[PDB]
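In this text, residue positions in the first sequence follow the deposited numbering: the first is 0, and each later residue adds one. To start, the structure under review is shown below, and the notes come after it.
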Amino acid sequence: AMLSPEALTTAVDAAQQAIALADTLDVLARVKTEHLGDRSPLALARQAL
RNA sequence: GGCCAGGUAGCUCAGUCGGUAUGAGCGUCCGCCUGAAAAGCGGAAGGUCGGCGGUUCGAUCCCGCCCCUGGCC
């Protein structure tokens, strides 16, 4: 199982950093697809059904 | 007032009684291509699955109410 407490924490850190680095709304839609969509690493944590 | 059967992407519609709707056709975007296009090929974006709540670590899928449609009255 690849869902250690140090795995989800680092994945969110890369997500919140890219979300905070989103300067315009068009970049936020790109970051949302890479960190909150159905293909994001956090989605893979939920893809592991 | 009765059990039901339906509301799902921009349009028209499939599909699951619990963790991915690997949704389809068309519509939108990018690349190859063209003077510029389209088709073709190769990549993608986009749904909070009818609303408000209830159970659950987790609900499009189960309880309740209602919003709106047919059905049969």
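Where a beta carbon is used, it is the ideal one built from N, C-alpha and C, also for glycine.
Measure the C-alpha to C-alpha separation of residue i and residue j and round it to an integer number of angstroms.
| i | j | result |
| --- | --- | --- |
| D25 | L48 | 31 Å |
| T23 | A17 | 12 Å |
| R38 | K31 | 10 Å |
| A0 | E33 | 22 Å |
| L2 | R29 | 25 Å |
Just to check my reading of the structure: residue i and residue j have Cβ atoms closer than 8 Å, yes? What is that Cβ distance to the nearest angstrom?
| i | j | result |
| --- | --- | --- |
| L7 | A42 | That belief does not hold up - the Cβ atoms of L7 and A42 are roughly 12 Å apart, past 8 Å. |
| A21 | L27 | 4 Å |
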